[PDB]
Amino acid sequence: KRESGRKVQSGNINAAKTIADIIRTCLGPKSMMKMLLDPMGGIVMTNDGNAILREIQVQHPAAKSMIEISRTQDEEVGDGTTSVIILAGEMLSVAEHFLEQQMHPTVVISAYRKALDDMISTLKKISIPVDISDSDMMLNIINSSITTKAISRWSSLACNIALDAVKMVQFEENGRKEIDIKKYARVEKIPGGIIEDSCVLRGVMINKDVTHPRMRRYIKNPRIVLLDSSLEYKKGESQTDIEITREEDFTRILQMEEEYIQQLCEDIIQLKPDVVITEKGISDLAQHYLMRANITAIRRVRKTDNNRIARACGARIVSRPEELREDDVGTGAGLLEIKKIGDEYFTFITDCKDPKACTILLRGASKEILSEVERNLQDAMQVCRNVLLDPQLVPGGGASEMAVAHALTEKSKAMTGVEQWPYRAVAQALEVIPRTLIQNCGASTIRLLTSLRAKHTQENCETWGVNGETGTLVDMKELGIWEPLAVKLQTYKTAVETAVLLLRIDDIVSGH
Amino acid sequence: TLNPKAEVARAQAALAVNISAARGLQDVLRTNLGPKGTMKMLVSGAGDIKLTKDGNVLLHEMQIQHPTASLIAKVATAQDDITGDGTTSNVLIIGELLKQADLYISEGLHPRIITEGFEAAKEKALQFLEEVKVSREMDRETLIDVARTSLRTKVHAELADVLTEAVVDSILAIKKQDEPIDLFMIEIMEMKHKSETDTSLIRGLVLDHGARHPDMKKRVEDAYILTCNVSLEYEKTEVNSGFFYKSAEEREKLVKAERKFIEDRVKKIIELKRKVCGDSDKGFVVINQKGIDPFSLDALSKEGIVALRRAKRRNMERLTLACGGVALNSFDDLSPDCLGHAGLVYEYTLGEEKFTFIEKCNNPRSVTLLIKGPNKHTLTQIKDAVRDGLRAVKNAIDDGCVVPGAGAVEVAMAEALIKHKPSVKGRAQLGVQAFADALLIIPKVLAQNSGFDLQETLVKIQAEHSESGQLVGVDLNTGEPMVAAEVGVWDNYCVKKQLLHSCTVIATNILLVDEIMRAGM
Amino acid sequence: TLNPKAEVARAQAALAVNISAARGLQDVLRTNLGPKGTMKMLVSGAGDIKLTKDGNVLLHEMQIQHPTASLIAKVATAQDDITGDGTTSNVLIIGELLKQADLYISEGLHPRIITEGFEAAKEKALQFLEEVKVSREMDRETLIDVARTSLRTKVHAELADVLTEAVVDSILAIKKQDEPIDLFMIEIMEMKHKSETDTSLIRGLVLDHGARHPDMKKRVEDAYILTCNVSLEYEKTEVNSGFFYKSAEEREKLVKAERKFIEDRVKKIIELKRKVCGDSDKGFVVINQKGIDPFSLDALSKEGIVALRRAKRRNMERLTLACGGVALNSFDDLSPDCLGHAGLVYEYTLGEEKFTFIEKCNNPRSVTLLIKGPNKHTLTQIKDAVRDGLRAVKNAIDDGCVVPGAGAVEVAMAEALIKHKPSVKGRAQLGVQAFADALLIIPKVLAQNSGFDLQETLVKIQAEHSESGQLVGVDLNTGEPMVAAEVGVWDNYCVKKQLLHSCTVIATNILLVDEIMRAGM
Ligand SMILES: Nc1ncnc2c1ncn2[C@@H]1O[C@H](COP(=O)(O)OP(=O)(O)O)[C@@H](O)[C@H]1O
Ligand SMILES: Nc1ncnc2c1ncn2[C@@H]1O[C@H](COP(=O)(O)OP(=O)(O)O)[C@@H](O)[C@H]1O
Ligand SMILES: Nc1ncnc2c1ncn2[C@@H]1O[C@H](COP(=O)(O)OP(=O)(O)O)[C@@H](O)[C@H]1O
C-alpha cells in the first residue's frame, strides 16, 4: 500500500543498490555477460548496461527512477551510463551514517552537495586540453568505442566520418556552439557496397521512392522547390467528404477538382524547376502534371528536413504554391540523382556547401553488418560532440576517481563538523570504479587498489590508473584511455543528484 | 535482494548452473559420435519416428527443456551452416572446457583468466593445424576416403559403398577447370517400393507429373525440348467480349470459339514439330508447366509427342538450364530458336506412380541423385547423410587441404599446448591446460562408443613418439593406435578450424556469465 | 537382495563416502598450516579451552563424527611418534590424492591402477630427497633456523626468538660423545605468576617443594647433597612392640617414645654434616624425598642445613646423577658414600609459591626447561611447541641431513614426477599425475593462509627455473618466490621421507575399500 519512516530510505537504498549490483561487472573492456531468462524460455546474453535494465521488471519506484535517469543519459551521452548507476548505488550504499548514526538526510545531502562542487573542481585540475585541429588525436580518442568491434578493420574510416560530420553541424558562430546530431545529421542506410564504401553525403538525402519514370535522372544544376500546402483540390474548413449522386453535378465538382489542381501546378512549373518537394502528400491528378513536366515528384518531407534544403541549394519556403516567387530556386546545387543504388531509390541533392547539416551514407554488404556499423558510428559522433563542446580530457581507467578521492580526503581534514564523515564516504565510493575493473580482470582488488591510492598520494594524480585488460597499473599518458570531461562531470552530478533525490524521499504515497 | 515476481542468482552458483547444463548435453551426444556410436530417436508426438546421429538434427529439431542448453543448440545450427560437420564434437569440447575450468574456478580462480588462456591456446592450436594439414591433390581415391569417413557416421556400414560412389561422382560432374561449385546443382529424389540399397545416380532430372494418354511413347531416344508456360486447357475469351447467349448450348458454342485461341496454338505446336525434324527415327517433347486439355493431348499424342503438364517451378528451372529450351509465354511468338535438345527421355513406371527421366544429356550443369528406401524415416536419414557427404567432399575440394581424423589432430594439438610456456600471462596456462584436456575428449569418446577402455586407448596413442611426423588415431575395431592418413581417414580443414573458433567463443561467453536474471519470466 | 538389520554399498559410493570425508578433513586442517595459519579451539565440554595448530592434538584429543575420518586420525598418532612433525600436511596430501583419484575414477578407471602409480611415484619421490638433501654439519646457526621453522608454527612469532635459543641449547647440553639423544634427559617444568616471555633454561633440576623454615639458608653455594628415602615424621613402631595406651596422656607418652625412633636419626644427619668437611667455608644439603617433621626441619636449620621433603621418584634419580649420593633406605647405615656435590642451590620466589633450584651441577647429564606463563592453557600450548621443537632438532642431529621447506621439495618433486614415465604399465601415468598435483597442495595452502592468491603464488614458484640446481618456495610475507636456503627455512629428512610413505599407504588403502558393511551397528 504505502511506506513511511526509516523503512523508506533504507528501502530505496536496497533498490538502487540492487540495480547497481546487476551491472557492477558490466564495466570496462573485459565486461562480464548476463543471462536474461525470457518468459518463453529464451535467453539473451547481452552485456550492455542499458539493454539489461531495459528488459528487467522492477517493482520499487526507486528503481524506475534510477533506470529512467539512465535513459536520459543515453540520449545526451551514449557512454558512461553504467558508471552513473554504480556510483549512485555506492553513494547510497553507505547506510551507516544514514540510519545507524541517526543523522538527518539534510546533513548527508549538504555533504554530498558540498563534495560535488569539490569533485567538479578537482576533475578540471587533472584535465588536459586537446588539439582538435589534428585528427590524429581524435582517432586515438574515438578508438575507445571502435576497439573490440567489427569495424576495427576500418577504424580510421569511422573516425573521419564522425569527426567531419559533427564539424559541419557545429555552428560555433552562435556562441554556445550547439550541436544537433538527431536533426542536422540524419542517418539513412543504403544496401549494396561494403563497409569501405561508407561515407558522408554533403547534403540532405530523402528516402522517397520513384513513383513514375518521367523524372529527372541526372542533373548538374538542380532547382528545388519548397512548399507546405498539399497539391489537391481546395476542401472546406471541415473534413466533410463530398458525396454526389447526380451525374450532371459530377462534371461541375470534377471541373473544380481539375482546374484548381491545374492552376496550382502551372505556377510551380513557371520557374522551370527540376523537382517539387511538398510537406504534405500529392494526389494522383497532381502527379499527372509532375510527370508531364518531366520533374521529380517528392512528398512527405518534415519541416527541419525542408529547412536544411533551403540552406543547401538556396530554395525558399512558401505557404502555398501560388505565391512561388523566383527566389525559390535551388541554384548552385551539385546534382539531382534518383538512382536505384542497391535495390532502393535515394534522392541526392548534394552540393559543394556546408549548410550546417549533413547526411551519413551507411554502405554495407548486408542488413546485419549495416546495423553493426550504424550503432558503432553513433557513439563516435557523440564522443566528437562531447570533445568539441569542451575539449578537455581527464585520465580514465579509474584514475580520475582515485585522483578526486584523494582531494576530498585531504580536504576533509579541515572540515570541522559531522559532515566530514559522509564527505569522506563519497570519496571511498569513487574507488568502486577501479574496484570493478580489477575484479573483472581477476587480479587482487585489495592489493592493487591499496597501491593505487598510494601512487596518487606521492606521484602526480593525473596518471597512474588501472589497465582493465592486463590488470596491472599503467599511466594514462602511456595508454590512451582518456575520456571527455563533460561525460564525467555529468556522470558525477547525475550520481549525486540521483542519490540526493532518493535520500529526500521519506514516504512512498499512493494517490492521483 | 530482488523484486517480486522475479528471481536472481547473485553468487557464482549461476555459473555452475550453466556448467551443469553443458555437462548434461555432453553426456547425451557422446553416445552418437562416430560410426560405432548409438542412434537417437526423435518422437514428434504426432506419431512420426526418426533416427539419426547428426548432432545438428538432435539440437535443431529436438527441443531442449533446459534454457541454457538451448543456446548451445543454436550454435550447432550456426556450425552446420558454415561447414556442415562437427556439431557433435563441438558440444563435447564445450562440455569438457567448462568441466576443466570448474576444477580451477573452485580453487578461487576468476573465469576471465581462464578465457584468456583459451584465446592463447586457440592461436597455438590454430597454427599447429596449418602444419598437420595435407595439401595433396584431390583425386577419386582421396574423396572416397573422405566420403567414407563422412558417410560411415550416418549409416549402418552397408550403404557405405552404395552412397560413396554416388556422392563422389555427383561432385565431379559439377566441377572442372577450377570452377566455383554449388551443391544446388544436385537434386535429391526419394522413391519407395525398393530396398535401401537400390540407391543410384541419375545423370538427367526427375519430373513429378507424367504424360496422360494411351498412345504415348514410353521412351524418346532423341527430341527437341520445348519449354512453355501457357495453359492449353479451357481459357476465357482473349478478346474484348463476354458471354452473349440464350441457353446452355449457346453458352457451350461460345466455349468452342474460346477454345479457338488454344486449339489453334496446338496446331502451331504440331507445325514446329513437323518442321524441326519431324521425320522418322525422331521425336519431340513438350514440358509445358500449365495444364493441357484432354482433346488437345489427343492431337499431340498421335504425333508421337511425350507431353507433360502441371509441373513445379523447380522442375521448369532445372529443365531450362539442363536442356536449354527457353520458356515461351505465348505461342504467337513460337520459333525454333527457343528449342532445346536432349538424349533419352523416358518414364520409368513404379508400382504406384511414375516419373519422367531425361537422362543422357551432354553438359546440363545439373544432375539428380535418386534415393530408394522402404520407409519414410530411412529416406530422410539417407538424405541427411548424402548432404553431409557432399558437403564433406565439397570442403575437401574447395579447401584443398585435409587433416587426419580419429582424434589424431586433437592428440597432437594437446601435446603442443602442454609444450608451450606462458606468453600472455602467468596464470593463463591453467586455461591452456584446460584447453588441452578438452581436446582429448574426442579420442576418449571414440574409445567408449567402440566399447574399449577410455584410458588405455588414449595412453597408447599418446605414447607414440618418434623423430618424424607421427599422427596416430583411435582404431575403433582394434583399439590400438592407427595412422589415420595411412588407413584412409581424412577430415576437412574448415571443420577443425571452425571447432576451435566455435568452441572457444561459446565456452568463453558461458564462463563470463555472472548472474541469471528473469526478464519478467 | 538383502537381510534384515544389514546394509552395504555395493557400488562405488563407498569411495565417494570415504573421499568426501578426506575432503572435509582437508578443509578443516588446511587453515592451521604454517605460522600465518589460524588456530583451532578444543572445548572439552566441561569448560576447559585449549588452542593449538598441532594436527596430532586436533586429531588425538578431538572427537570426529565421521567413522572414516577417525581412521586418518589414528594415522597422525603414528606419524607423530616416528618423526614428530608433518601430521597436518599428511592429511592434506591424502585429501588431494583422493580428490585427484576421484577425477579419474569417474572416468571409469579402476582404483587399483591408481595405487600402482602412487607406488611408482613414491619410489621416485624418495630418490629425489637423496639428491636435494643438504648434509650440512650441525651448528648453532643451522639449528636456529630449524627450531625457528618449527616453533614459529606454534606461537605468535614472539616466543620464537625466545624459545629458539633455549630449545637449541637444551639439546646441545645433552648432545656429546656422539651419543643417541634422549629426551628423558630434559624435564619440562611449568610456573604461573609470570608472563609468557620469561621462559628460560635451568642448568639443573627444579623441585616443587622446598625448604620452609626461617632459619634456612636462602642460597647454598656448595654442599654435600645426601640422598635419602626415610621419613623423619611420626611413624609406627618398628620394633617388636606396639601401641597400648589408657588415656590421652598415656597416648602422648607413646608419641614421645615413638618419636625417639626419629630423634636418634635426626642427629645422625648432624653427625655426617660435621663429619664430611664440617669446618668453615662448607655446607650440607639433604634431599630426603619422604616427609620430615618440623622438629627435624627446625633442628637441622640451626646447623645451617637445607633439607627438602615430598619429592618425586623421577626427581630423586635425576638428583643422584647431578650430585652423586646414592639413596639411603635406612639412616642406621649412614656413611659418606651416600653424599654428592653441587654448586649454587637457591630458592626462586614467586608471588605466592617458591621453588627449589639446584643449578651449577658437575656432571648431571640432564637439564630442565623452565616454562612460565600467565594462563593455564598457554602453558600447555607452549609445552606442545617445545616438545615439537625438541624433536625437530633431535631429527636434525640424529639424521644429519636436512631438506628445504616452503613447499620447495613438493614443487620440485612435482616437476620430477611429470618428467618420468612408468615401467609396469601405461595407465599408471595417471596415478603419477595425481601424485604430482597432490603434493602442490602444501604451497597452495600456504598462499591461502598468508592471504595471497592460490594460483599466482604457485605459478611463480613453479615457473622459476634456471640452468642449475635452484630451490624455490613461497614467501609468506610477500607472496613472491623465495629460495629457502638463502633465508633459513629448513625441514627434516625423516619428516618428508615418512610423509611420502605415510600418505601413499593410507591413500592407497582408502582407495581399495570396495564396500562398507555394518557389523551390526
Ligand atoms: N582500454 C581500457 N583500459 C582501462 N580502462 C578502460 C578501458 N576502456 C574503458 N575503460 C574504463 O571503463 C569504464 C567504462 O567504460 P565504457 O564501457 O565505455 O562505459 P560504460 O561502462 O558506462 O558503458 C570507463 O570509466 C573507463 O575508465
Ligand atoms: N574409420 C573412422 N575411424 C575413426 N574415427 C572416425 C572414422 N570416421 C569418423 N570418425 C570420427 O567421428 C567423428 C564425428 O564425425 P561426423 O559424424 O562427421 O561429425 P559429427 O559427429 O560432429 O557430426 C569425427 O571427429 C571423426 O574423427
Ligand atoms: N616463514 C615460512 N616461509 C615458508 N614456509 C614456511 C614458513 N613457516 C613454515 N613454513 C612451512 O610450513 C610447513 C608446516 O610446518 P609445521 O607446522 O612445522 O608442520 P605441520 O604443518 O605439518 O604441523 C613446513 O613444511 C614449512 O616449510
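Residues numbered from 1 in each chain as written, not as in the entry; some residues may be left out. Chains lettered and ligands numbered in written order. Part of a larger assembly, values for the part shown. Heavy atoms only, no water.

## Thoughts on the nonpolar core
Working step 1: By size, the foremost hydrophobic cluster in this structure holds 78 residues, and its most contacted members are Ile93(B), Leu97(B), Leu98(B), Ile114(B), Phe118(B), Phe435(B) and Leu511(B).
Working step 2: Sort the elements by how many residues they give to this core and helix 17 (residues 493-511) of chain B lands first, with ten residues.
Working step 3: By size, the runner-up hydrophobic cluster in this structure holds 64 residues, among which are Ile94(C), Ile114(C), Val432(C) and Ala507(C). (Core = buried A, V, L, I, M, F, W, Y, C linked by side-chain atoms within 4.5 Å. Buried < 20%, exposed > 50% of the residue type's maximum accessible area, 1.4 Å probe, protein only. Helix = DSSP H or I, 4+ residues; strand = E, 2+ residues; numbered from the N terminus.)

## Quick word on the interface of chain A and chain B
Working step 1: At the interface, 29 residues of chain A touch 28 residues of chain B.
Working step 2: Summed over both partners, the interface of chain A with chain B buries about 2600 Å², with 62% contributed by carbon and sulfur atoms.
Working step 3: For chain A, the biggest contributors to the area lost against chain B are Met32(A), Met35(A) and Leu37(A); these three give 25% of the whole.
Working step 4: Summed over the shared surface of chain A and chain B, the number is three salt bridges. (Contact = heavy atoms within 4.5 Å. Buried area = accessible area lost by both parts, 1.4 Å probe. Salt bridge = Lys/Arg side-chain N within 4 Å of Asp/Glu carboxyl O.)

## Regarding the site of ligand 1
All names here are of chain A.
Working step 1: In the vicinity of ligand 1 lie 16 residues, with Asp79, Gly80, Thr81, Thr82 and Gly397 positioned nearest.
Working step 2: Between ligand 1 and the protein, one listed contact pairs an oxygen atom with a backbone N or O atom of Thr82 at 3.0 Å.
Working step 3: Interatomic distance of 2.9 Å between a backbone N/O atom of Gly397 and an oxygen atom of ligand 1.
Working step 4: For ligand 1, the protein covers 81% of the area, taking 560 Å² as the surface of the free molecule.
Working step 5: Here the residues of the shell around ligand 1 sort into five nonpolar, eight polar and three charged. (Near = heavy atom within 4 Å. Polar contact = N/O pair within 3.5 Å; in protein donor to acceptor, adjacent residues only side chain to side chain. Areas by Shrake-Rupley, 256 points an atom, 1.4 Å probe, with all protein chains shown as cover. Nonpolar A, V, L, I, M, F, W, Y, C, P; charged D, E, K, R; others polar.)

## Digging into the site of ligand 3
All names here are of chain C.
Working step 1: As a matter of local geometry, ligand 3 sits amid 17 residues, with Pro35, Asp85, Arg152, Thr153 and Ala406 nearest to it.
Working step 2: In the model, an oxygen atom of ligand 3 is placed 2.7 Å from a nitrogen or oxygen of the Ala406 main chain.
Working step 3: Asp491 places a side-chain nitrogen or oxygen 3.4 Å from an oxygen atom of ligand 3.
Working step 4: For ligand 3, the protein covers 90% of the area, taking 570 Å² as the surface of the free molecule.
Working step 5: Ranked by the residues each element gives to the shell around ligand 3, the list is headed by helix 4 (residues 87-105), at three residues.
Working step 6: When its residues are assigned to classes, the shell around ligand 3 shows seven nonpolar, six polar and four charged.

## Regarding the UniProt feature "binding site: ADP" in chain B
Residue and element names in this part refer to chain B.
Working step 1: On the UniProt side, "binding site: ADP" is annotated at positions that read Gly34, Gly86, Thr87, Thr88, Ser89, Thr153, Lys154, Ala406 and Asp491 here.
Working step 2: By the secondary structure assignment, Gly34 is in the loop between helix 1 (13-29) and strand 2 (40-41).
Working step 3: Accessibility expressed as a relative area gives 12% for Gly34, which makes it buried.
Working step 4: With near-sequence residues (within four places) excluded, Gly34 lies in contact with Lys53, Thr153 and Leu446.
Working step 5: A relative accessible area of 8% means that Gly86 is categorised as buried. (UniProt positions renumbered as here; feature names shortened; annotations may be inferred.)

## Topic: the pairing of strand 10 (residues 275-278) of chain A
All names here are of chain A.
Working step 1: Residues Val275 and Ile277 point to one face of strand 10 and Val276 and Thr278 to the other, with burial holding for every one of them.
Working step 2: Both strand 9 (residues 224-227) and strand 10 contribute to a ladder of four bridges, which runs parallel. Bridged to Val225 within strand 10 is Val276.
Working step 3: Where strand 10 meets strand 11 (residues 296-298), three bridges bridge the pair, whose relative direction is parallel. Note that in strand 11 the partner of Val276 across the bridge is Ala297.
Working step 4: Handedness of the β-α-β unit built from strand 10, helix 11 (residues 284-292) and strand 11 comes out right-handed. (Pairing = 2+ DSSP bridges. Right-handed = clockwise from strand over helix to strand, strands pointing away.)

## Digging into the pattern of salt bridges
Note on pairing: side chains with opposite charge can pair once their charged atoms come close.
Working step 1: One pass over the full model with this rule turns up 107 salt bridges over all chains.
Working step 2: For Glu75(A), the salt bridge is made with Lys182(A), and the minimal N-O distance between the two is 2.7 Å. Of this pair, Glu75(A) sits in helix 3 (residues 61-76) while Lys182(A) sits in helix 9 (residues 181-184), placing them 107 residues apart in sequence.
Working step 3: With relative accessibility at 49%, the residue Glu75(A) sits in the partly exposed group.
Working step 4: Of the residues examined, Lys182(A) reaches a relative accessible area of 62% and is grouped as exposed.
Working step 5: Here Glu119(C) ties to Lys122(C) by a salt bridge, and the two come within 3.2 Å at their closest N and O atoms. Residue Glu119(C) and its partner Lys122(C) are located together in helix 5 (residues 111-132), separated by three residues, close to a single helical turn.
Working step 6: Where salt bridges share partners, they join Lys17(A), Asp21(A), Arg24(A), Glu90(A) and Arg435(A) into one cluster.

## Observations concerning the environment of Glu359(C)
Residue and element names in this part refer to chain C.
Working step 1: Mapped onto the elements of the fold, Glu359 is located in the loop between strand 11 (354-357) and strand 12 (367-372).
Working step 2: Spatially, the C-alpha atoms of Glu359 and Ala322 are 9.5 Å apart, while their sequence positions differ by 37 residues.
Working step 3: What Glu359 contacts, discounting residues up to four positions off in sequence, is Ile202, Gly204, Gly343, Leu344 and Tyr346.
Working step 4: Here the side chain of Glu359 touches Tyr346 through a polar contact of 3.0 Å, side chain to side chain.

## Points about the packing of aromatic side chains
Working step 1: A complete count under the given rule lists eight aromatic pairs over all chains for this structure.
Working step 2: Measuring from ring centre to ring centre gives 6.2 Å for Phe98(A) and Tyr112(A), while their planes differ by 65 degrees; the resulting arrangement is edge-to-face. Here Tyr112(A) lies in helix 6 (residues 105-125) and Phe98(A) lies in helix 5 (residues 96-100), a separation of 14 residues in the sequence.
Working step 3: Put simply, the rings of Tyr346(C), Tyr348(C) and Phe357(C) touch in pairs and so form one group of aromatic residues.
Working step 4: In this structure, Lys455(A) is placed above the aromatic ring of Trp464(A), and the distance from its NZ or CZ to the ring centre is 4.9 Å.
Working step 5: The ring of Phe243(B) carries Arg251(B) above its face, with NZ or CZ at 4.0 Å from the centroid. (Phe/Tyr/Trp six-rings, centres within 6.5 Å; stacked < 30°, edge-to-face > 60°. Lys NZ or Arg CZ within 6 Å of the ring centre and 35° of its normal.)

## Notes on the sheet that holds strand 9 of chain A
The strands making up a sheet associate through hydrogen bonds between their backbones, and the pairing can be parallel or antiparallel.
All names here are of chain A.
Working step 1: Taken together, the three strands give an open sheet; going across it, the order is 9-10-11, and neighbouring strands pair in parallel fashion. Edge strands, defined here as strands with exactly one partner in the open sheet, are strand 9 and strand 11. Between one strand and the next, the sheet's axes are offset by a mean angle of 15 degrees, whatever the strand orientation.
Working step 2: Strands in contact with helix 12 (residues 303-312) are strand 9 and strand 10; relative to strand 9, the strand with the most contacts, it is inclined by about 140 degrees. (Axes fitted to C-alpha atoms, helices over the stretch in contact; angles between N-to-C directions.)

## So, the UniProt feature "binding site: Mg(2+)" in chain A
Working step 1: Per the UniProt record, "binding site: Mg(2+)" is annotated on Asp79(A).
Working step 2: With respect to the helices, strands and loops of the structure, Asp79(A) is situated in the loop between helix 3 and helix 4 (81-92).

## Some words on the UniProt feature "binding site: ADP" in chain A
Residue and element names in this part refer to chain A.
Working step 1: Following the UniProt record, one finds the feature "binding site: ADP" at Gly28, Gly80, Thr81, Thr82, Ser83, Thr148, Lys149, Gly397, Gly468, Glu469, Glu483 and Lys488. What stands out for the annotated residues spanning 461 residues is how far apart their C-alpha atoms range, the widest pair being 23.5 Å apart.
Working step 2: Structurally, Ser83 can be placed in helix 4.
Working step 3: In this structure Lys488 touches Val394, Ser400, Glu401 and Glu483, once residues within four positions along its chain are discounted.

## What about helix 9 (residues 294-302) of chain C?
All names here are of chain C.
Working step 1: Considered for burial, the residues of helix 9 that qualify are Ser296, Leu297, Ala299, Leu300 and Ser301.
Working step 2: In this fold, the buried residues of helix 9 make contact with helix 8 (248-275) and strand 9 (305-307).
Working step 3: Of the residues flanking the start of helix 9, the one acting as N-cap is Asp293, its side-chain oxygen 2.8 Å from the backbone nitrogen of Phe295.
Working step 4: Directly after helix 9, the chain includes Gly304, whose backbone phi takes a positive value near 80 degrees.

## Points about the UniProt feature "binding site: Mg(2+)" in chain B
Working step 1: UniProt's feature table lists "binding site: Mg(2+)" at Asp85(B), given in the numbering used throughout.
Working step 2: Ignoring sequence-local partners within four residues, the contact set of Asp85(B) consists of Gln79(B), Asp80(B) and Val495(B).

## Focus: the state of the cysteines
Working step 1: Using the criterion set out here, one finds zero disulfides over all chains in the structure.
Working step 2: Its sulfur unpaired, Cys199(A) is 11 Å from the next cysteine sulfur, which belongs to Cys358(A).
Working step 3: Considering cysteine sulfurs only, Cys401(C) is the nearest to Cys494(C), which forms no disulfide, with 11 Å between them. (Disulfide = S-S within 2.5 Å.)

## Some thoughts on the packing of helix 6 (residues 140-151) of chain C against helix 11 (residues 376-398) of chain C
Residue and element names in this part refer to chain C.
Working step 1: Interaxial distance between helix 6 and helix 11 falls to 9 Å at its minimum, and their mutual angle equals 145 degrees. Here helix 6 runs over helix 11; the crossing is right-handed. Across from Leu143, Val146, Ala147, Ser150 and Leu151 in helix 6, the residues of helix 11 making contact are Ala385, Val386, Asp388, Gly389, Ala392, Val393, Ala396 and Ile397.
Working step 2: Grouping the constituent residues of the contact of helix 6 with helix 11 by class yields ten nonpolar, two polar and one charged. (Left-handed = near helix turned anticlockwise from the far one by under 90°.)

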